[PDB]
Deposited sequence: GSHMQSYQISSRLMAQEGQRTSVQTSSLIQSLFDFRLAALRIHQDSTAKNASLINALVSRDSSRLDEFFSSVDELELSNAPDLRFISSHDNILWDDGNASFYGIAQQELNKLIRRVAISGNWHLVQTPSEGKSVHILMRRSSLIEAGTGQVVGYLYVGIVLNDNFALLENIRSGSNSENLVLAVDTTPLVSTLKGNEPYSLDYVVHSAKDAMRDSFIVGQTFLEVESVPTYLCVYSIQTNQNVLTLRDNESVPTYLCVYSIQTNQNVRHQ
């Protein structure tokens, strides 16, 4: 049941991205927002999002920022928490320039390329002129909540998300019979079976590899 665990993992991953896409695409049509943006006052924008999130938490993106062309109008400010220079968002804007589709992008951040999944929705005016684009993103590095979600949803023993040989995040606690290092340089299919699943983003192959460790139940 290898391909089964792998597809399970992929559906769980697909599920999370879906939760965000839907929430994004809806906020992108929230007159309250559109008008708070055209109003040109960062407060309603801040408040708008703080309220948006006040109850849909954990289903909230890690990064969020509105922008018209290269002119970033508003930013939730979480970019800095990730060690991402307001500058490094402008380059991501061009990189993700194809609305309604998720993009796996990298970005420099204090000596470690940070891997992010991004997507943009256009903010139209109730007049029909596009007024900007809302950019939403999920940071993969150290995103334990995302990996833990997928681990329990698939009832996996442990999981580790790596950009091959290099771990982005793990569920291991440090008491397992196996080390993170082992899990990462281990053969695909032993006492501890180690599965390997390359995630697809929008049905497209990706270098994101999720390792699933299952203990040989024989034992």
property	result
Deposited residues absent from the coordinates (by C-alpha)	1 to 20, 147, 211 to 213, 244 to 270
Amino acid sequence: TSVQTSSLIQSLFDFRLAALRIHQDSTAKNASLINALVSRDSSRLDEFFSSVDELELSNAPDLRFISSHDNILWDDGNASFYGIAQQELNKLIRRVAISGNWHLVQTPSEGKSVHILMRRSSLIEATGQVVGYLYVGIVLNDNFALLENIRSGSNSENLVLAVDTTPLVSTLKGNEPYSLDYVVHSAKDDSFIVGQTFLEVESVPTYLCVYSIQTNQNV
From here on, numbers count along this sequence of modelled residues.
| query | finding |
| --- | --- |
| Residue range whose averaged C-alpha B-factor is higher in the record, 148 to 156 or 26 to 34 | 26 to 34 |
| Mean C-alpha temperature factor, higher of 13 to 21 and 201 to 209 | 201 to 209 |
| Out of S170, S51, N175, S67, residue topping the C-alpha B-factor column of the entry | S51 |
| Top residue by Cα temperature factor, when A162, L180, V194, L45 are compared in the entry | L45 |
| CA B-factor placement of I72, once the chain's modelled residues are sorted into thirds | middle |
| Ranked C-alpha temperature factor of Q129 among modelled chain residues, by third | highest |
| Among modelled residues of the same chain, the CA temperature factor third for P108 | middle |
| Modelled-residue ranking by C-alpha temperature factor, third containing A79 | middle |
| Entry-reported Cα temperature factor of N101, expressed as the chain third it lands in | middle |
